[PDB]
file start-v8.tsv (TSV, N, CA and C atoms)
chain	number	residue	atom	x	y	z
A	1	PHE	N	32.06	37.29	-84.78
A	1	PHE	CA	30.97	38.26	-84.91
A	1	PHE	C	31.49	39.70	-85.00
A	2	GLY	N	32.48	40.03	-84.17
A	2	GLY	CA	33.23	41.29	-84.31
A	2	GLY	C	33.17	42.27	-83.15
A	3	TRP	N	33.96	42.01	-82.11
A	3	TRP	CA	34.25	42.98	-81.05
A	3	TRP	C	35.72	42.87	-80.67
A	4	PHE	N	36.18	41.61	-80.56
A	4	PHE	CA	37.56	41.27	-80.23
A	4	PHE	C	38.58	41.95	-81.15
A	5	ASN	N	38.12	42.39	-82.32
A	5	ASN	CA	38.94	43.10	-83.31
A	5	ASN	C	39.58	44.38	-82.77
A	6	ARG	N	38.85	45.09	-81.91
A	6	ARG	CA	39.29	46.37	-81.35
A	6	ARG	C	40.42	46.26	-80.32
A	7	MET	N	40.68	45.04	-79.84
A	7	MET	CA	41.75	44.81	-78.86
A	7	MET	C	42.80	43.80	-79.33
A	8	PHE	N	42.43	42.96	-80.31
A	8	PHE	CA	43.36	41.98	-80.87
A	8	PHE	C	44.41	42.67	-81.74
A	9	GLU	N	44.02	43.82	-82.30
A	9	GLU	CA	44.92	44.67	-83.08
A	9	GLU	C	45.77	45.54	-82.16
A	10	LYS	N	45.16	46.04	-81.09
A	10	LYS	CA	45.85	46.87	-80.10
A	10	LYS	C	46.82	46.08	-79.23
A	11	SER	N	46.77	44.76	-79.33
A	11	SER	CA	47.65	43.88	-78.57
A	11	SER	C	49.00	43.64	-79.26
A	12	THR	N	49.00	43.68	-80.59
A	12	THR	CA	50.20	43.38	-81.37
A	12	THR	C	51.03	44.62	-81.70
A	13	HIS	N	50.62	45.37	-82.72
A	13	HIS	CA	51.39	46.52	-83.22
A	13	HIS	C	51.40	47.70	-82.25
A	14	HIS	N	50.27	47.91	-81.57
A	14	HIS	CA	50.12	49.02	-80.63
A	14	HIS	C	50.71	48.70	-79.26
A	15	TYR	N	50.92	47.41	-78.99
A	15	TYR	CA	51.50	46.96	-77.73
A	15	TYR	C	52.80	46.17	-77.95
A	16	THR	N	52.67	44.87	-78.24
A	16	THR	CA	53.81	43.94	-78.35
A	16	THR	C	54.96	44.46	-79.23
A	17	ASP	N	54.62	45.11	-80.34
A	17	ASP	CA	55.63	45.66	-81.25
A	17	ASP	C	56.21	46.99	-80.76
A	18	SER	N	55.37	47.78	-80.09
A	18	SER	CA	55.82	49.01	-79.43
A	18	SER	C	56.53	48.69	-78.11
A	19	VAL	N	56.40	47.37	-77.74
A	19	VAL	CA	57.06	46.87	-76.52
A	19	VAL	C	58.49	46.42	-76.85
A	20	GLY	N	58.69	45.98	-78.10
A	20	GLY	CA	60.04	45.76	-78.63
A	20	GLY	C	60.77	47.08	-78.70
A	21	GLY	N	60.07	48.11	-79.21
A	21	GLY	CA	60.61	49.46	-79.30
A	21	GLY	C	60.60	50.24	-78.00
A	22	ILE	N	61.00	49.56	-76.91
A	22	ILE	CA	61.16	50.21	-75.60
A	22	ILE	C	62.41	49.69	-74.89
A	23	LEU	N	62.79	48.44	-75.19
A	23	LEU	CA	64.13	47.93	-74.87
A	23	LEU	C	65.00	47.95	-76.13
A	24	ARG	N	64.37	48.27	-77.26
A	24	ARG	CA	65.07	48.67	-78.48
A	24	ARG	C	65.67	50.06	-78.22
A	25	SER	N	65.19	50.70	-77.14
A	25	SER	CA	65.65	52.02	-76.72
A	25	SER	C	66.33	51.97	-75.34
A	26	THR	N	65.60	51.46	-74.34
A	26	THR	CA	66.05	51.43	-72.93
A	26	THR	C	66.45	52.84	-72.44
A	27	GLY	N	67.74	53.17	-72.60
A	27	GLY	CA	68.30	54.51	-72.33
A	27	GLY	C	67.64	55.40	-71.29
A	28	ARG	N	66.60	56.12	-71.73
A	28	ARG	CA	65.98	57.22	-70.97
A	28	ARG	C	65.15	56.80	-69.75
A	29	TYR	N	64.74	55.53	-69.72
A	29	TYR	CA	63.95	55.00	-68.60
A	29	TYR	C	64.80	54.72	-67.35
A	30	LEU	N	66.11	54.96	-67.48
A	30	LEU	CA	67.02	54.96	-66.34
A	30	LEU	C	66.79	56.20	-65.48
A	31	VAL	N	66.47	57.32	-66.13
A	31	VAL	CA	66.22	58.58	-65.44
A	31	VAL	C	64.72	58.88	-65.27
A	32	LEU	N	63.89	58.27	-66.12
A	32	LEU	CA	62.44	58.42	-66.03
A	32	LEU	C	61.88	57.64	-64.84
A	33	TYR	N	62.53	56.52	-64.51
A	33	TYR	CA	62.15	55.69	-63.37
A	33	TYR	C	62.86	56.14	-62.07
A	34	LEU	N	63.58	57.26	-62.17
A	34	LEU	CA	64.19	57.91	-61.00
A	34	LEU	C	63.56	59.28	-60.77
A	35	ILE	N	62.99	59.86	-61.83
A	35	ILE	CA	62.10	61.01	-61.71
A	35	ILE	C	60.74	60.54	-61.20
A	36	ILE	N	60.45	59.26	-61.42
A	36	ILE	CA	59.23	58.61	-60.92
A	36	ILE	C	59.39	58.11	-59.47
A	37	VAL	N	60.53	57.49	-59.17
A	37	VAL	CA	60.79	56.93	-57.82
A	37	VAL	C	61.07	58.02	-56.77
A	38	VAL	N	61.96	58.96	-57.09
A	38	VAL	CA	62.29	60.05	-56.17
A	38	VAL	C	61.22	61.16	-56.27
A	39	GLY	N	60.52	61.19	-57.40
A	39	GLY	CA	59.35	62.06	-57.57
A	39	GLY	C	58.19	61.60	-56.70
A	40	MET	N	58.11	60.26	-56.54
A	40	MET	CA	57.17	59.63	-55.62
A	40	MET	C	57.51	60.02	-54.18
B	1	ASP	N	65.46	28.68	-69.90
B	1	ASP	CA	65.81	27.47	-69.13
B	1	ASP	C	65.20	26.18	-69.70
B	2	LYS	N	64.12	25.70	-69.05
B	2	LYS	CA	63.49	24.43	-69.41
B	2	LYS	C	62.86	24.42	-70.81
B	3	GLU	N	62.44	25.59	-71.28
B	3	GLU	CA	61.88	25.74	-72.62
B	3	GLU	C	62.91	26.43	-73.53
B	4	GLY	N	62.55	26.59	-74.82
B	4	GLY	CA	63.43	27.22	-75.81
B	4	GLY	C	63.69	28.69	-75.54
B	5	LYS	N	64.97	29.03	-75.37
B	5	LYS	CA	65.43	30.37	-74.96
B	5	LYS	C	64.91	31.56	-75.78
B	6	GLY	N	65.03	32.75	-75.17
B	6	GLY	CA	64.67	34.00	-75.83
B	6	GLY	C	65.11	35.20	-75.03
B	7	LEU	N	66.38	35.58	-75.21
B	7	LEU	CA	66.98	36.76	-74.57
B	7	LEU	C	66.09	38.00	-74.71
B	8	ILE	N	65.48	38.14	-75.89
B	8	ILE	CA	64.61	39.27	-76.21
B	8	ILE	C	63.35	38.78	-76.95
B	9	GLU	N	63.41	37.55	-77.47
B	9	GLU	CA	62.33	36.99	-78.29
B	9	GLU	C	61.47	35.94	-77.58
B	10	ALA	N	61.71	35.77	-76.27
B	10	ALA	CA	60.84	34.95	-75.43
B	10	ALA	C	60.08	35.82	-74.43
B	11	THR	N	60.63	37.00	-74.14
B	11	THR	CA	59.94	37.99	-73.32
B	11	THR	C	58.81	38.67	-74.11
B	12	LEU	N	58.78	38.44	-75.42
B	12	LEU	CA	57.72	38.94	-76.30
B	12	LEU	C	56.72	37.85	-76.68
B	13	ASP	N	57.22	36.64	-76.89
B	13	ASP	CA	56.37	35.49	-77.23
B	13	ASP	C	55.49	35.08	-76.05
B	14	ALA	N	56.00	35.32	-74.82
B	14	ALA	CA	55.24	35.07	-73.60
B	14	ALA	C	54.19	36.15	-73.38
B	15	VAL	N	54.61	37.42	-73.46
B	15	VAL	CA	53.70	38.54	-73.21
B	15	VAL	C	52.79	38.84	-74.41
B	16	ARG	N	52.16	37.77	-74.93
B	16	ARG	CA	51.33	37.86	-76.12
B	16	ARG	C	50.12	36.93	-76.07
B	17	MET	N	50.30	35.75	-75.45
B	17	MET	CA	49.23	34.74	-75.43
B	17	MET	C	48.47	34.61	-74.10
B	18	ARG	N	48.69	35.61	-73.17
B	18	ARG	CA	47.99	35.59	-71.88
B	18	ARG	C	47.91	36.97	-71.19
B	19	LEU	N	47.90	38.04	-71.98
B	19	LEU	CA	47.74	39.40	-71.46
B	19	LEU	C	46.30	39.62	-70.98
B	20	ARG	N	45.38	38.88	-71.60
B	20	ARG	CA	43.97	38.81	-71.20
B	20	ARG	C	43.77	38.88	-69.67
B	21	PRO	N	44.32	37.90	-68.91
B	21	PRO	CA	44.32	37.95	-67.44
B	21	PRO	C	44.77	39.30	-66.87
B	22	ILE	N	46.04	39.64	-67.06
B	22	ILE	CA	46.64	40.86	-66.50
B	22	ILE	C	45.92	42.14	-66.96
B	23	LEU	N	44.91	41.97	-67.82
B	23	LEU	CA	44.05	43.07	-68.26
B	23	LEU	C	42.64	42.98	-67.70
B	24	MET	N	42.15	41.74	-67.47
B	24	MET	CA	40.80	41.53	-66.93
B	24	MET	C	40.79	41.25	-65.42
B	25	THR	N	41.92	40.76	-64.90
B	25	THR	CA	42.12	40.57	-63.46
B	25	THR	C	42.34	41.92	-62.78
B	26	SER	N	43.31	42.68	-63.30
B	26	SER	CA	43.57	44.03	-62.82
B	26	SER	C	42.51	45.00	-63.37
B	27	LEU	N	41.31	44.46	-63.59
B	27	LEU	CA	40.16	45.22	-64.08
B	27	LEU	C	38.90	44.78	-63.32
B	28	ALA	N	38.87	43.49	-62.91
B	28	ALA	CA	37.86	42.97	-61.98
B	28	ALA	C	38.00	43.70	-60.65
B	29	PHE	N	39.22	44.21	-60.40
B	29	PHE	CA	39.46	45.27	-59.42
B	29	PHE	C	38.82	46.56	-59.93
B	30	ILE	N	39.56	47.67	-59.83
B	30	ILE	CA	39.17	48.99	-60.38
B	30	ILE	C	37.73	49.42	-60.05
B	31	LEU	N	36.77	48.57	-60.47
B	31	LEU	CA	35.35	48.88	-60.37
B	31	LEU	C	34.68	48.09	-59.24
B	32	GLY	N	35.35	47.02	-58.79
B	32	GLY	CA	34.92	46.29	-57.60
B	32	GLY	C	35.45	46.96	-56.34
B	33	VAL	N	36.41	47.87	-56.54
B	33	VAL	CA	37.01	48.65	-55.47
B	33	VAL	C	36.52	50.11	-55.54
B	34	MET	N	35.68	50.41	-56.53
B	34	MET	CA	35.12	51.75	-56.72
B	34	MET	C	33.83	52.06	-55.93
B	35	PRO	N	33.05	51.02	-55.54
B	35	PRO	CA	31.93	51.29	-54.63
B	35	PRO	C	32.42	51.75	-53.26
B	36	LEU	N	33.73	51.62	-53.04
B	36	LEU	CA	34.38	52.13	-51.85
B	36	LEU	C	34.66	53.63	-51.99
B	37	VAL	N	35.26	54.02	-53.12
B	37	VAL	CA	35.67	55.41	-53.35
B	37	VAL	C	34.47	56.37	-53.46
B	38	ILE	N	33.53	56.04	-54.35
B	38	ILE	CA	32.26	56.79	-54.46
B	38	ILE	C	31.07	55.81	-54.43
B	39	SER	N	29.89	56.30	-54.80
B	39	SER	CA	28.61	55.59	-54.62
B	39	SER	C	28.26	55.45	-53.14
B	40	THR	N	29.23	55.76	-52.28
B	40	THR	CA	29.06	55.79	-50.82
B	40	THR	C	29.63	57.09	-50.24
B	41	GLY	N	29.94	57.08	-48.95
B	41	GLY	CA	30.40	58.27	-48.24
B	41	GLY	C	29.41	58.69	-47.16
B	42	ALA	N	28.24	58.02	-47.13
B	42	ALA	CA	27.20	58.29	-46.14
B	42	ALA	C	27.39	57.42	-44.89
B	43	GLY	N	27.18	56.10	-45.05
B	43	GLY	CA	27.33	55.15	-43.95
B	43	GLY	C	28.78	54.92	-43.56
B	44	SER	N	29.68	55.06	-44.55
B	44	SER	CA	31.11	54.85	-44.32
B	44	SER	C	31.97	55.93	-44.98
B	45	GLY	N	32.67	56.70	-44.15
B	45	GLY	CA	33.69	57.63	-44.61
B	45	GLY	C	35.05	56.95	-44.65
B	46	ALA	N	35.01	55.61	-44.30
B	46	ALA	CA	36.24	54.81	-44.25
B	46	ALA	C	36.42	54.01	-45.55
B	47	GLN	N	35.29	53.62	-46.18
B	47	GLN	CA	35.31	52.98	-47.49
B	47	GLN	C	35.95	53.91	-48.53
B	48	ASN	N	35.77	55.22	-48.34
B	48	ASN	CA	36.44	56.23	-49.15
B	48	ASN	C	37.96	56.03	-49.16
B	49	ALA	N	38.57	56.12	-47.98
B	49	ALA	CA	40.03	56.07	-47.84
B	49	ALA	C	40.63	54.66	-47.95
B	50	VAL	N	39.79	53.63	-47.91
B	50	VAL	CA	40.26	52.24	-47.94
B	50	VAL	C	40.71	51.79	-49.34
C	1	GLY	N	39.45	41.26	-53.52
C	1	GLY	CA	39.95	41.35	-54.89
C	1	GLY	C	40.90	40.23	-55.31
C	2	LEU	N	41.87	39.93	-54.45
C	2	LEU	CA	42.91	38.93	-54.74
C	2	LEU	C	42.34	37.51	-54.84
C	3	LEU	N	41.29	37.24	-54.05
C	3	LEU	CA	40.61	35.94	-54.07
C	3	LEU	C	39.83	35.70	-55.37
C	4	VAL	N	39.37	36.79	-55.99
C	4	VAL	CA	38.76	36.73	-57.33
C	4	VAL	C	39.88	36.56	-58.36
C	5	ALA	N	41.01	37.22	-58.10
C	5	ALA	CA	42.11	37.35	-59.06
C	5	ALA	C	42.76	36.02	-59.46
C	6	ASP	N	43.53	35.43	-58.54
C	6	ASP	CA	44.39	34.28	-58.85
C	6	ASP	C	43.63	33.03	-59.31
C	7	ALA	N	42.30	33.07	-59.20
C	7	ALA	CA	41.44	32.01	-59.73
C	7	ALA	C	41.35	32.10	-61.25
C	8	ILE	N	41.29	33.34	-61.76
C	8	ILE	CA	41.10	33.59	-63.20
C	8	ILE	C	42.18	32.94	-64.08
C	9	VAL	N	43.41	32.88	-63.56
C	9	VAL	CA	44.57	32.42	-64.32
C	9	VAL	C	44.39	30.97	-64.78
C	10	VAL	N	44.04	30.09	-63.81
C	10	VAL	CA	43.82	28.67	-64.13
C	10	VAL	C	42.55	28.45	-64.96
C	11	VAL	N	41.62	29.41	-64.88
C	11	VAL	CA	40.36	29.36	-65.63
C	11	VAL	C	40.59	29.69	-67.11
C	12	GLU	N	41.27	30.81	-67.36
C	12	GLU	CA	41.59	31.25	-68.72
C	12	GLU	C	42.70	30.42	-69.36
C	13	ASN	N	43.40	29.64	-68.53
C	13	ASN	CA	44.49	28.78	-68.98
C	13	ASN	C	43.98	27.64	-69.86
C	14	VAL	N	42.72	27.27	-69.64
C	14	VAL	CA	42.05	26.27	-70.46
C	14	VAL	C	41.63	26.87	-71.80
C	15	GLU	N	41.48	28.20	-71.83
C	15	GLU	CA	41.16	28.91	-73.06
C	15	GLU	C	42.41	29.08	-73.94
C	16	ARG	N	43.59	28.88	-73.35
C	16	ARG	CA	44.83	28.85	-74.12
C	16	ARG	C	44.99	27.51	-74.83
C	17	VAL	N	45.41	26.49	-74.08
C	17	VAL	CA	45.75	25.18	-74.65
C	17	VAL	C	44.54	24.32	-75.03
C	18	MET	N	43.46	24.99	-75.46
C	18	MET	CA	42.30	24.31	-76.05
C	18	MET	C	41.83	25.08	-77.28
C	19	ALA	N	41.71	26.41	-77.13
C	19	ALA	CA	41.34	27.27	-78.26
C	19	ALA	C	42.53	27.56	-79.17
C	20	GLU	N	43.75	27.34	-78.66
C	20	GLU	CA	44.97	27.53	-79.46
C	20	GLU	C	45.45	26.22	-80.08
C	21	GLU	N	45.74	25.22	-79.24
C	21	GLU	CA	46.29	23.94	-79.73
C	21	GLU	C	45.26	22.82	-79.93
C	22	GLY	N	43.97	23.14	-79.76
C	22	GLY	CA	42.89	22.23	-80.13
C	22	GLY	C	42.43	21.21	-79.10
C	23	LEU	N	43.39	20.54	-78.45
C	23	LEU	CA	43.10	19.42	-77.53
C	23	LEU	C	42.17	19.79	-76.35
C	24	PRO	N	41.10	18.99	-76.16
C	24	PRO	CA	39.92	19.33	-75.34
C	24	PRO	C	40.07	19.46	-73.80
C	25	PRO	N	39.92	18.34	-73.04
C	25	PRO	CA	39.47	18.48	-71.64
C	25	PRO	C	40.57	18.53	-70.56
C	26	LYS	N	40.65	17.48	-69.73
C	26	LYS	CA	41.47	17.46	-68.51
C	26	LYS	C	42.99	17.46	-68.74
C	27	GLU	N	43.40	17.83	-69.95
C	27	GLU	CA	44.81	17.94	-70.30
C	27	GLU	C	45.14	19.36	-70.74
C	28	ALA	N	44.09	20.18	-70.90
C	28	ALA	CA	44.23	21.57	-71.32
C	28	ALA	C	44.40	22.53	-70.14
C	29	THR	N	44.91	22.00	-69.03
C	29	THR	CA	45.29	22.81	-67.86
C	29	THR	C	46.30	22.03	-67.02
C	30	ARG	N	46.42	20.73	-67.33
C	30	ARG	CA	47.37	19.82	-66.69
C	30	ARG	C	48.78	20.41	-66.65
C	31	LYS	N	49.32	20.69	-67.84
C	31	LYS	CA	50.62	21.33	-67.97
C	31	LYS	C	50.41	22.80	-68.34
C	32	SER	N	49.82	23.53	-67.40
C	32	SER	CA	49.55	24.96	-67.56
C	32	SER	C	49.76	25.65	-66.22
C	33	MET	N	49.36	24.96	-65.14
C	33	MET	CA	49.67	25.38	-63.78
C	33	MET	C	51.13	25.02	-63.46
C	34	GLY	N	51.89	24.72	-64.52
C	34	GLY	CA	53.32	24.45	-64.43
C	34	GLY	C	54.14	25.70	-64.72
C	35	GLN	N	53.48	26.71	-65.31
C	35	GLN	CA	54.07	28.04	-65.46
C	35	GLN	C	53.66	28.94	-64.30
C	36	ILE	N	52.62	28.52	-63.58
C	36	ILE	CA	52.15	29.22	-62.39
C	36	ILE	C	52.32	28.33	-61.15
C	37	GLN	N	53.21	27.32	-61.26
C	37	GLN	CA	53.47	26.37	-60.17
C	37	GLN	C	53.82	27.06	-58.84
C	38	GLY	N	54.98	27.72	-58.81
C	38	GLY	CA	55.41	28.50	-57.65
C	38	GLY	C	54.89	29.93	-57.73
C	39	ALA	N	54.44	30.32	-58.93
C	39	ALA	CA	53.79	31.62	-59.15
C	39	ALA	C	52.31	31.56	-58.75
C	40	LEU	N	51.92	30.45	-58.11
C	40	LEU	CA	50.61	30.31	-57.48
C	40	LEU	C	50.80	30.07	-55.98
C	41	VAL	N	51.75	29.20	-55.64
C	41	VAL	CA	51.93	28.71	-54.27
C	41	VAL	C	52.94	29.55	-53.48
C	42	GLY	N	54.21	29.54	-53.93
C	42	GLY	CA	55.29	30.25	-53.25
C	42	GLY	C	55.24	31.76	-53.43
C	43	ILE	N	54.06	32.26	-53.83
C	43	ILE	CA	53.85	33.69	-54.03
C	43	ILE	C	53.83	34.44	-52.71
C	44	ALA	N	52.71	34.33	-51.99
C	44	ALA	CA	52.53	35.03	-50.74
C	44	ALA	C	53.13	34.26	-49.56
C	45	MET	N	54.15	33.47	-49.86
C	45	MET	CA	55.12	33.11	-48.85
C	45	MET	C	56.03	34.33	-48.72
C	46	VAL	N	55.98	35.20	-49.74
C	46	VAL	CA	56.80	36.42	-49.80
C	46	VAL	C	56.11	37.71	-50.28
C	47	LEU	N	54.91	37.61	-50.86
C	47	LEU	CA	54.03	38.78	-50.93
C	47	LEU	C	53.15	38.83	-49.69
C	48	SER	N	53.24	37.76	-48.90
C	48	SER	CA	52.80	37.79	-47.51
C	48	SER	C	53.99	38.25	-46.65
C	49	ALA	N	54.58	39.37	-47.06
C	49	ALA	CA	55.71	39.97	-46.38
C	49	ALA	C	55.23	41.26	-45.72
C	50	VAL	N	54.56	42.09	-46.51
C	50	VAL	CA	53.74	43.18	-45.98
C	50	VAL	C	52.49	42.56	-45.36

call {"tool": "encode", "arguments": {"input": "start-v8.tsv", "output": "structure tokens"}}
result
Amino acid sequence: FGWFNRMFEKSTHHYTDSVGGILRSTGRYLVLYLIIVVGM
Amino acid sequence: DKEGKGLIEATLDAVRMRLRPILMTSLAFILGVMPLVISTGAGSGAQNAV
Amino acid sequence: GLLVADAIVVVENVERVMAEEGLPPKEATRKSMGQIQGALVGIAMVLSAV
């Protein structure tokens, strides 16, 4: 009918594929999770 | 291990067919825990901080 | 909240291996609580730490 469309698209390219592109990077989250932990 | 491996391609195949829960479960919260934060404050000033 | 939570997983698990792989009833959750086997039971043997 058409509602699931607004999140089924946001699950793949906007999430799962941008989720590849975060350990495709890794790097900076070593210090971002220490600005977050010691910032906490 | 017991299923077909994925050093990087099983951590994605898994986090694709059941995100629904971790989005609707950690959401059945949020607003079920919000009648504590606001909508009250009269009879209980403790529901606020809880 | 948590009592509402961990129930949802086995409920939506039937929406996986029935709406995805087709096969209907008492087998569409049989081998599904096998990924949440100890992730259902042996959980708050240690999240029952706090």

call {"tool": "residues_around", "arguments": {"input": "start-v8.tsv", "residues": "range 11-14 of chain B", "least_positions_apart": "5", "cutoff": "10 Å", "atoms": "only C-alpha atoms", "output": "ChimeraX atom specification"}}
result
/A:16-17,19-20 /B:5-6,19

call {"tool": "closest_residue", "arguments": {"input": "start-v8.tsv", "among": "C:10, C:5, C:19, C:45", "to": "chain B", "atoms": "only N, CA and C atoms"}}
result
C:5

call {"tool": "interface_residues", "arguments": {"input": "start-v8.tsv", "of": "chain B", "to": "chain C", "cutoff": "7 Å", "atoms": "all atoms listed in the file", "output": "ChimeraX atom specification"}}
result
/B:17,21,25-26,28-29

call {"tool": "closest_atom_pairs", "arguments": {"input": "start-v8.tsv", "of": "chain A", "to": "chain B", "cutoff": "12 Å", "atoms": "only C-alpha atoms", "output": "CSV"}}
result
residue,atom,partner,partner_atom,distance
A:4,CA,B:20,CA,11.3
A:7,CA,B:20,CA,10.0
A:8,CA,B:16,CA,10.2
A:9,CA,B:16,CA,11.7
A:10,CA,B:16,CA,11.3
A:11,CA,B:16,CA,7.5
A:12,CA,B:16,CA,7.7
A:13,CA,B:16,CA,11.2
A:15,CA,B:16,CA,9.2
A:16,CA,B:12,CA,6.7
A:17,CA,B:12,CA,8.6
A:18,CA,B:12,CA,10.7
A:19,CA,B:12,CA,8.0
A:20,CA,B:12,CA,7.6
A:21,CA,B:12,CA,11.3
A:22,CA,B:8,CA,11.5
A:23,CA,B:8,CA,8.8
A:24,CA,B:8,CA,9.7

call {"tool": "write_last_selection", "arguments": {"input": "start-v8.tsv", "atoms": "N, CA and C atoms", "output": "CSV table (one decimal), in the coordinates of the input"}}
result
chain,number,residue,atom,x,y,z
A,4,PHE,N,36.2,41.6,-80.6
A,4,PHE,CA,37.6,41.3,-80.2
A,4,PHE,C,38.6,42.0,-81.2
A,7,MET,N,40.7,45.0,-79.8
A,7,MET,CA,41.8,44.8,-78.9
A,7,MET,C,42.8,43.8,-79.3
A,8,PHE,N,42.4,43.0,-80.3
A,8,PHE,CA,43.4,42.0,-80.9
A,8,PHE,C,44.4,42.7,-81.7
A,9,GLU,N,44.0,43.8,-82.3
A,9,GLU,CA,44.9,44.7,-83.1
A,9,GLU,C,45.8,45.5,-82.2
A,10,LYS,N,45.2,46.0,-81.1
A,10,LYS,CA,45.8,46.9,-80.1
A,10,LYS,C,46.8,46.1,-79.2
A,11,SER,N,46.8,44.8,-79.3
A,11,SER,CA,47.6,43.9,-78.6
A,11,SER,C,49.0,43.6,-79.3
A,12,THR,N,49.0,43.7,-80.6
A,12,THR,CA,50.2,43.4,-81.4
A,12,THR,C,51.0,44.6,-81.7
A,13,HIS,N,50.6,45.4,-82.7
A,13,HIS,CA,51.4,46.5,-83.2
A,13,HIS,C,51.4,47.7,-82.2
A,15,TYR,N,50.9,47.4,-79.0
A,15,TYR,CA,51.5,47.0,-77.7
A,15,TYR,C,52.8,46.2,-78.0
A,16,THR,N,52.7,44.9,-78.2
A,16,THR,CA,53.8,43.9,-78.4
A,16,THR,C,55.0,44.5,-79.2
A,17,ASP,N,54.6,45.1,-80.3
A,17,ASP,CA,55.6,45.7,-81.2
A,17,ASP,C,56.2,47.0,-80.8
A,18,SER,N,55.4,47.8,-80.1
A,18,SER,CA,55.8,49.0,-79.4
A,18,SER,C,56.5,48.7,-78.1
A,19,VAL,N,56.4,47.4,-77.7
A,19,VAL,CA,57.1,46.9,-76.5
A,19,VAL,C,58.5,46.4,-76.8
A,20,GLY,N,58.7,46.0,-78.1
A,20,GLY,CA,60.0,45.8,-78.6
A,20,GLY,C,60.8,47.1,-78.7
A,21,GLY,N,60.1,48.1,-79.2
A,21,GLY,CA,60.6,49.5,-79.3
A,21,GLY,C,60.6,50.2,-78.0
A,22,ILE,N,61.0,49.6,-76.9
A,22,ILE,CA,61.2,50.2,-75.6
A,22,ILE,C,62.4,49.7,-74.9
A,23,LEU,N,62.8,48.4,-75.2
A,23,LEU,CA,64.1,47.9,-74.9
A,23,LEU,C,65.0,48.0,-76.1
A,24,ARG,N,64.4,48.3,-77.3
A,24,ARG,CA,65.1,48.7,-78.5
A,24,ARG,C,65.7,50.1,-78.2

call {"tool": "atom_distance", "arguments": {"input": "start-v8.tsv", "atom1": "CA of residue 32 in chain C", "atom2": "atom N of residue 14 in chain C"}}
result
7.5 Å

call {"tool": "select_by_dssp", "arguments": {"input": "start-v8.tsv", "residues": "chain C", "states": "alpha helix (DSSP H)", "output": "PyMOL selection string"}}
result
chain C and resi 2-16

call {"tool": "write_last_selection", "arguments": {"input": "start-v8.tsv", "atoms": "N, CA and C atoms", "output": "short mmCIF file (atom, residue, chain, number, x, y, z; two decimals), keeping the file's coordinate frame"}}
result
data_model
loop_
_atom_site.label_atom_id
_atom_site.label_comp_id
_atom_site.auth_asym_id
_atom_site.auth_seq_id
_atom_site.Cartn_x
_atom_site.Cartn_y
_atom_site.Cartn_z
N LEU C 2 41.87 39.93 -54.45
CA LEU C 2 42.91 38.93 -54.74
C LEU C 2 42.34 37.51 -54.84
N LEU C 3 41.29 37.24 -54.05
CA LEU C 3 40.61 35.94 -54.07
C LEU C 3 39.83 35.70 -55.37
N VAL C 4 39.37 36.79 -55.99
CA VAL C 4 38.76 36.73 -57.33
C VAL C 4 39.88 36.56 -58.36
N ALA C 5 41.01 37.22 -58.10
CA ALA C 5 42.11 37.35 -59.06
C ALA C 5 42.76 36.02 -59.46
N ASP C 6 43.53 35.43 -58.54
CA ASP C 6 44.39 34.28 -58.85
C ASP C 6 43.63 33.03 -59.31
N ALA C 7 42.30 33.07 -59.20
CA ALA C 7 41.44 32.01 -59.73
C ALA C 7 41.35 32.10 -61.25
N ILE C 8 41.29 33.34 -61.76
CA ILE C 8 41.10 33.59 -63.20
C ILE C 8 42.18 32.94 -64.08
N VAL C 9 43.41 32.88 -63.56
CA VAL C 9 44.57 32.42 -64.32
C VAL C 9 44.39 30.97 -64.78
N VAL C 10 44.04 30.09 -63.81
CA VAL C 10 43.82 28.67 -64.13
C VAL C 10 42.55 28.45 -64.96
N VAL C 11 41.62 29.41 -64.88
CA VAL C 11 40.36 29.36 -65.63
C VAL C 11 40.59 29.69 -67.11
N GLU C 12 41.27 30.81 -67.36
CA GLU C 12 41.59 31.25 -68.72
C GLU C 12 42.70 30.42 -69.36
N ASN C 13 43.40 29.64 -68.53
CA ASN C 13 44.49 28.78 -68.98
C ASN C 13 43.98 27.64 -69.86
N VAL C 14 42.72 27.27 -69.64
CA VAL C 14 42.05 26.27 -70.46
C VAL C 14 41.63 26.87 -71.80
N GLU C 15 41.48 28.20 -71.83
CA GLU C 15 41.16 28.91 -73.06
C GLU C 15 42.41 29.08 -73.94
N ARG C 16 43.59 28.88 -73.35
CA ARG C 16 44.83 28.85 -74.12
C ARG C 16 44.99 27.51 -74.83
#

call {"tool": "atom_distance", "arguments": {"input": "start-v8.tsv", "atom1": "CA of residue 17 in chain C", "atom2": "atom N of residue 18 in chain B"}}
result
10.9 Å

call {"tool": "atom_distance", "arguments": {"input": "start-v8.tsv", "atom1": "atom N of residue 40 in chain A", "atom2": "atom N of residue 27 in chain A"}}
result
20.0 Å

call {"tool": "residues_around", "arguments": {"input": "start-v8.tsv", "residues": "residue 36 in chain B", "least_positions_apart": "5", "cutoff": "8 Å", "atoms": "all atoms listed in the file", "output": "list in words"}}
result
residues 31, 41, 44, 46, 47, 48, 49 and 50 of chain B
